[PDB]
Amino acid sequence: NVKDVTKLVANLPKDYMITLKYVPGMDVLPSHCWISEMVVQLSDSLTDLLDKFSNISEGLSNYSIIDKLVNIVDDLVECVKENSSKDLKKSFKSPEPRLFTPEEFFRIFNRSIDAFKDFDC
């Protein structure tokens, strides 16, 4: 859901950094090469990000938005551990933590969510 990441980015501080064990090759390599570790990593970072907020019974809050994002990518984690094609790389060395602005993080979060839609190393 794309209008909600935009409102989450608009309400996150521009200088607040989100850590993410970015999976190398996202940019050059086919999605099968990285998506499995990218969704796990994104789940963990979004899950950590949700503990930073408290709930507001108003309209969309960062809490509600992040929580919904957590639930989409945790459904993608589950789906990627079913998909039994040995080949879709599921064995990765735990990537190095990288700091990202909310805008960079969520650009990554969006490429990864979309990496599913358009489906050697």
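Residue indices: 1-based, along the sequence shown.
### Query
Do any residues of the deposited sequence lie unmodelled between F119 and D120, and which range holds their number: none, 1 to 3, 4 to 9, or 10 or more?
The entry leaves 4 to 9 residues without coordinates here.
### Task
Read off the CA B-factors in the entry, average them over 73 to 81 and over 53 to 61, and name the higher stretch.
Result of the comparison: 53 to 61.
### Query
Got a sec? Mean C-alpha B-factor, which is higher, 6 to 14 or 107 to 115?
Between 6 to 14 and 107 to 115, it is 107 to 115 that shows the higher mean C-alpha B-factor.
### Message
For the CA B factor values reported in this entry, which option in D48, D67, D27, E96 has the top one?
### Response
Result of the comparison over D48, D67, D27, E96: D27.
### Query
Based on the entry's values, in what third of the chain does the Cα temperature factor of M38 lie: lowest, middle or highest?
Ranked within chain, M38 CA B lands in the lowest tercile.
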